[PDB]
Amino acid sequence: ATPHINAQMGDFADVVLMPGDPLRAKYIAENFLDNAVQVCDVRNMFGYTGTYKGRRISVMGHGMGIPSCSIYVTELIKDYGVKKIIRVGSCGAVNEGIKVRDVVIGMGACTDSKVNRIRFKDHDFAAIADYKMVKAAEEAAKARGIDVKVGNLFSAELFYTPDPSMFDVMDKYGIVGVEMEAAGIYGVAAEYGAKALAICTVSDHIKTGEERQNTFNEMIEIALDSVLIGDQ
Amino acid sequence: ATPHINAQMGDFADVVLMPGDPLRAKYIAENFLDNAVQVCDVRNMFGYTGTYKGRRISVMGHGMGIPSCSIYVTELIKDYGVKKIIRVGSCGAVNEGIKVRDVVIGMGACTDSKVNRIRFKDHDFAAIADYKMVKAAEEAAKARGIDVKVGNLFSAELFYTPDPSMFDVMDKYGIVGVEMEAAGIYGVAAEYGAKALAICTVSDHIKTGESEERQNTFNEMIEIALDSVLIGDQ
Amino acid sequence: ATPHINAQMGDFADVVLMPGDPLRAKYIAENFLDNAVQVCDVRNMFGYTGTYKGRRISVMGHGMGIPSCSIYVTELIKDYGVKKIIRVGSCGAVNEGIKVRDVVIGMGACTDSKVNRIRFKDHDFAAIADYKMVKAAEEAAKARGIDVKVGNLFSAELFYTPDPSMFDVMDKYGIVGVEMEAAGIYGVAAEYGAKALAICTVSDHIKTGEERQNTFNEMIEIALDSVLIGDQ
Amino acid sequence: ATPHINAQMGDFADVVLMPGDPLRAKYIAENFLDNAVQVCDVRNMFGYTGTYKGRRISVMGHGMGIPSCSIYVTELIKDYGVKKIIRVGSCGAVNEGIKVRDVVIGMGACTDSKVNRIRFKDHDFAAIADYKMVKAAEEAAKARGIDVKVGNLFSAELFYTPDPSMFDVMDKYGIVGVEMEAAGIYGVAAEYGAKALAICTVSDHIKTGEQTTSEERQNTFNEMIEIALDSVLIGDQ
Amino acid sequence: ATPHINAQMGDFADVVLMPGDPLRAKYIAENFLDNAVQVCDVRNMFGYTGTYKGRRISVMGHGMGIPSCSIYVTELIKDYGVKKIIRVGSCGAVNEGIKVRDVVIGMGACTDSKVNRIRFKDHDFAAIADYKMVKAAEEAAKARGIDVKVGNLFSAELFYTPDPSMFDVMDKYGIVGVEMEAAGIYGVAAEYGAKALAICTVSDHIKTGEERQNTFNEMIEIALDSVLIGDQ
Amino acid sequence: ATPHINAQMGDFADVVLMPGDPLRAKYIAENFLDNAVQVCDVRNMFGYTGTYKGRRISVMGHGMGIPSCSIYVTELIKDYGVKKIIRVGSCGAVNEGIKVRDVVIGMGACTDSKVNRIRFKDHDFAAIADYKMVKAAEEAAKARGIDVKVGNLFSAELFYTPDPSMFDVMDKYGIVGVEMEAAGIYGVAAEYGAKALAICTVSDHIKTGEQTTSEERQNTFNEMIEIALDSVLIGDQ
């Protein structure tokens, strides 16, 4: 029993899929997993454990932003023995070579947050995903014939940014998508010795101002298939 | 009809009480407000509008941390006409003069976050509450025989901090309670020209290590906040 | 008998009013206090102790800027037993809603200085006044028919700023007045466990370019009446 | 005809292998490339162009440290059309999970330098390698029976650090090796739109005092270069 | 007529000697200069203009700390045509090879202040004195057989530092003296195209805890002699 | 017998002249020193020891950029007993008061690097030269009729800067020339208790687009080296 998660050790699988919205975790448990049972509900942050093709897998919301996400993944790892975390969600694109509904994988995560600087003595910590998980997801996508873009995500602290000119810097530096928690997750996995990966689907084009459900399903199938591939 | 709040203009009152826990918002709606009706539920972030002594008041969770808190209160202010936000929650204490169950009001909020530096050209922005709201809350508590400590909160980005020696620094500088969203709310209030206040109840003593008594003290904090709304209206 | 103050313990009252200009301290001692006697003059920084309606009160200049102000109020607090400091001065306004001759109370104080970051491990320390002092001052003004603005001051390190565009940012965030020492006084009050308040009169409008003695006298009376309201 | 490189357009291939030491570049061009010709020598910074299994490949020294390697990689990309860069060097280990003689690939590069903060408005830029190059290098090592550690390198500005306690921080965060130029190469590659990769061989263990002989190190160095050149062919597809 | 200096263009010479204490400026005008006449007195910051060996020279206090000193030197330079500033004062020593009463010249000035970072886009500005002024002062000292140490001063923002371990860092990097304004003066001189120099006398040994009036006179004679040397 | 320098204690004099390019070290040792013998060549970074008017003097390249520079000066000081270092190079001018072919001395060195912040608890370290070396070089140039500009150099981390508006800032604050290693040499010299000086010749004007022939550049460079060597003898007295 932890402060933010009302479950017991053993309730979660060693791998957890994590959308930000708890209703998306409920949607995933009911439509993609077999026999999912709810294992937590504190603060309405629903978490479930079921199986995918016989493999035990959990799915749980993490809320919005770095701080919220860090609390949950930190507790999953140190209190529930979770080894691998796959964040799943929507992101905004800033570059011309990425179109809405494209599937991006964050090999790395840039950020404007100070959390990695507080852990790394104020130097530049490169928040990165676990290589084998990236590979697994790219192979799972290829198997279904889905193209994915692997690159840097940008984890913003402020959804309603006071500095919009930063989207032009992101673009020039190849940022593939903007979300709000990947840099925090990667930071937590490094601090606690676990492995993470963030997968996103472009829901909006910040620059050009540019189905959704179906593309969401492809993202989920890719993440879940990457879990089985990762076990081999 | 915003991305994070599925309500209509007019659904929220001009004043909103905001616990971090959506289930706390539900508890407040059911036990302290009259005829409260749910006005939003995207992402399970429950929001309700009811009445306190004839005065229309809203209550809604804001989730955990500065980024989450900023999204909700920003949308509330710019799309729902919200004028006053009172965050209500639990905090940890670092100072010996403050005990568990004490009620603290955050006249200012320190932080280890970068959000106010992004807004203020990397200079020191003093994230403060609206004075009249502090004053109303302090008078409301005084009328209920409750002693409140008014000072600086500290809004942490990392609940599981990699640097626990910071708690000794906070204590040395008078921090009255440690939580996670006050500096963000005050920063948003200053950016969008609204008014905000953070009231908290000490649920844990981070230094000394110190449900019923907490529930009771939680009810005390809610009553103060709601009574400050009426004193604030005069 | 300190390095910057040549007085003895007991020479100052427990409450000190501090204009930046030592000649302003002399003015206040002579026209608002009864039987004030000079208690210090090292570096020409005049300090006086007198009585306001029977209540012992001190007034002393603190010079210009954060470093100068910190030295004096630190010595007053640790060597002279000073419990409450009320800084009084003139300030520039950046906001359109604030006019010259308006009285502002600094509940908080922003700064481009590094002093609070040196004290607070490089994180954001919110330099704020003592709530009760703010409340007393606001009550005092209300009793004299004076409308005061309570909010954020900005304490600048450079009077001749190399970056005048900061004035638009301050305005955007509600800064009520720009001066040079409130963030340092509040930081010292927090470090040594004392109480402080900054009250100012808008002498110039930095944005619009926009009696002064009269409004200055108004600010002095509010400060002195706040001390008596604060004693109850 | 740039200031630091005295070659002409077309002298370099579109993929360039880069050790820090110009003599290692000479050694690679001589022993691993066919028909290598020296194409530049400004400041004794030797650059050659040869062929590997019929494919055109260049090898060039980049000096030590971020500032020196940025100058050369920037010139190769903007003046000579280079699209892919593979840095091949030596790094020190800080983690007990990594052993001397290990082959590490920098998927990312942490640093104590300010070069990426100057480029990215003082926010945190995750200095990363090109994913497909990491994958080609990882497959190539696997195909040669070499097990590679894929993770975060740390590019130090001061070889003789004034703060050794940072090594304990690097170990806790899983840094796989400490070197001096990856974070700078990754920043340049992102700024100019090219692709980069840093591969390293562990010559010393900072934390455990472990050393290796010059024989063993030559051999492990030899493995690294074969992986890199193989990865080029895999990457071409 | 400037806000902080009540004088007219022409009242100051092109070179100004500046102790922090205005009473020290008064002592210098009366004892070292011929026919010195007071030219300013706003805020009790006395300024005087007299003659040294027939050479017109001014002496004025600048108060304590960077912010205060910056206002005065900025106004002297841009409003009163001052070309050279020599700050004179007492400093604390942190290094074992520097004893009390030694005369140190700040060829450079380190600091914990943010003022040069605000001017220099957050990079490292090396606040340095004007080389010809350093040279003139070192030669003036040699003529009178006084030994001087030329090196880095450290300009502290906080007289009562919350971080005393910084004195050991200063010592290790060769800081010759700790004072509070040299880095600010050097910054202003650079920004406004003027020349500055800080000369100090060690009044206390911060480390070892270790006449004064006479060593003060040596410092002043050296500065004034450097002015004549500098004119050749 | 250090990692980057293949010499033995006593091979270097107590004073070392240091250009960035090792071929310039060769040129100086051959043309200005008597009986110069090469004493190291690790990574093609040539170091020599010769005599000037009977006074033992060494000359050695330091590569480009702070990090490379720091490694060599740090090794000369801690492993080989060097007491004084004079960096002799080329710089770009940003101020209209400085013309191409001018000789500038860096009494101080500004920088956009983080190496002195890492050493000085994140506060502002004024990276400064040794006063008596500045004075010896200034008198030596005066004695030769050369008028030197004494001031602040700016040591850039990125030669190909992503922020060129910074040059207008350096101009406003009087920077005398832009190079890449002075702030790092001064930091090392202060960390290890040694003395250093950076002298530079203006080969190009960044702000006005002024250039100079290779002939003019050789001659101005020739003047700089004689100033430096003369400053060593004056410094000994």
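As written, the chain order gives the labels A, B, C, D, E and F, with residue 1 at the start of each chain.
Throughout what follows, a contact is a pair of C-beta atoms (placed from the backbone, for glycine too) under 8 Å apart; a residue touches a chain by one contact, two chains touch by 3 or more.
Protein identities per chain, from UniProt: A, B, C, D, E, F = Purine nucleoside phosphorylase DeoD-type 1.
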Checklist entry - What whole-number Å value describes the gap between the mean CA coordinates of chain E and chain F? => result 30
Next on the checklist: Rounded to a whole Å, what is the gap between the Cα centroids of chain A and chain F?
Outcome noted: 50
Checklist entry - Roughly how far is chain B from chain F, going centre to centre by Cα mean, in whole Å? => result 58
Checklist outcome for this item: Contacts with two or more other chains occur in chain F at residues 112-113, 119, 122, 191
Next on the checklist: Going by the touch rule set out above, what shape does the chain contact graph take here: line, ring, star, complete or other?
Outcome noted: ring
Checklist entry - From chain A, moving on to its ring neighbour chain D, which chains come in turn until the ring closes? => result A, D, F, E, C, B
Checklist entry - So in the complex, which bits of chain C are touching chain B? => result 105, 107-113, 116-117, 119-121, 123-128, 131-132, 134-135, 138, 150-152, 166, 169, 172-174, 183, 190-191, 193
Checklist entry - Touching chain D in the complex: which residues of chain F? => result 20-23, 43-46, 61, 63-68, 70-71, 74, 78, 112-115, 118-119, 156-160, 162-163, 180, 191
